[PDB]
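Before any questions on how it binds or moves, here is one chain, the form deposited in one PDB entry, in structure tokens.
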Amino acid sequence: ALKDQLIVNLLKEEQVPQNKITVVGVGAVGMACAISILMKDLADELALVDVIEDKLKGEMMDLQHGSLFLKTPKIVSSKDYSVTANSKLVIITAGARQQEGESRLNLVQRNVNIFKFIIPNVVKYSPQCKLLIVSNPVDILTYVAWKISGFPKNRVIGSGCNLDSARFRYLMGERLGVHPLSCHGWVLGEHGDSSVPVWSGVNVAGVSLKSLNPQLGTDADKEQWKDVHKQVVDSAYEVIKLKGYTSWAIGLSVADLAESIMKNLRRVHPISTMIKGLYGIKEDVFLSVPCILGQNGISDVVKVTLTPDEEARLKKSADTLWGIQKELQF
């Protein structure tokens, strides 16, 4: 054989990848997560899983054809979860997605049912993985993945408000003529309608925007900064109406979180985690708060100082999620 005339083999290697990432779901979200991760050189192996055989195979082949331009030596796919074995990070993007005008909370039963099959299959092949939930409603589905997996809470993460906060920083950046990297602001709670903008922490170079404008984010704000939060809430609905779905921004948001996990950065991200014991919350509610994210997942939570109105809005987001969460059939 030609391979043998050209090359002399020294050993049969173990082959087990050291930085493998699995993406579950090859829809628009899943593929945007896949491309972003490949262009960030985060993994030595990428695995894709879906239920539509043709689409899964087509997507895998199309990424594979770009291998020359990448540094991810192995790209694989299968409907069988054995393809996901030894993943460091498994990203779940599978399930029903919002239609035009549809609340993310409307996807709950359909996605809890899908998660009942997915989660035991992921766990079986990667018992030491970190789970990164992207499927919606993300907060409730992070709780679902946690309960099903049996994993400790540090290893079950939801993409949460990482994108909501990125959108907030982009809009603030556009209003001020400053790059979003130099605009600071936190959107917490549900990744949806009940999210909370933390006006007290909104700043550029550590200068509180609220110290210059005390009415910042209120109805009495002459510049109406609350419309920035309204744009954050409405963004996914506005994008879906225009292009039928969202993909690029969530893909970048997920690869940003994947980078912190894979590279053990210990950067702070507003992501879905259990908030039991914070702000008077007594139940197993999962929603976004600023978390320290690394190789072991969420190791710590930043206790944000909320005004009484900000805390009341966060407890409202918590009540909305727990109302659905507490009555789940699984």
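Rigid core: the largest C-alpha set superposing within 1.5 Å between the two forms. Don't overthink the numbering: it's just position in the shown sequence, from 1.
**Q** Please compare 282-290 with 266-274 and say which has the higher mean C-alpha temperature factor in the record.
**A** Comparing averages over the C-alpha atoms only gives 282-290.
**Q** Do the C-alpha atoms of 321-329 or of 3-11 have the higher average B factor in the entry?
**A** Mean B over CA atoms: larger for 321-329.
**Q** Quick one: which of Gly177, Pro214, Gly244, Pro137 shows the highest Cα temperature factor in the PDB entry?
**A** Of the options given, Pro214 has the highest CA B-factor in the PDB entry.
**Q** Which of these, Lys74, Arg167, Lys222, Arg104, has its C-alpha atom at the highest B-factor, as the entry lists it?
**A** The listed residue with the largest C-alpha B-factor is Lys222.
**Q** By its CA B factor, does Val51 count among the lowest, middle or highest third of the modelled residues in the chain?
**A** Its C-alpha B-factor belongs to the highest third of this chain's values.
**Q** Could you place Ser182 in the lowest, middle or highest third of its chain by Cα temperature factor, using the values in the record?
**A** Lowest third, going by the recorded CA B-factors of the chain.
**Q** What third of the chain, by the recorded C-alpha B-factor, contains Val112?
**A** Tercile = highest for this residue's CA B-factor.
**Q** What third of its chain, lowest, middle or highest, does the C-alpha temperature factor of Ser253 fall into?
**A** According to the entry, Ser253 has a C-alpha B-factor in the chain's lowest third.
**Q** If you rank the chain by CA B-factor, which third does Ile148 end up in: lowest, middle or highest?
**A** Top third by C-alpha B-factor.
Just so it is clear, the following notes concern the form deposited in another entry, a form of the same protein that is not shown.
**Q** Which residue in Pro73, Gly177, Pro152, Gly101 stands out, with a C-alpha shift of 2 Å or more between this form and the one not shown when both forms are set on the rigid core?
**A** Flagged residue: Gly101.
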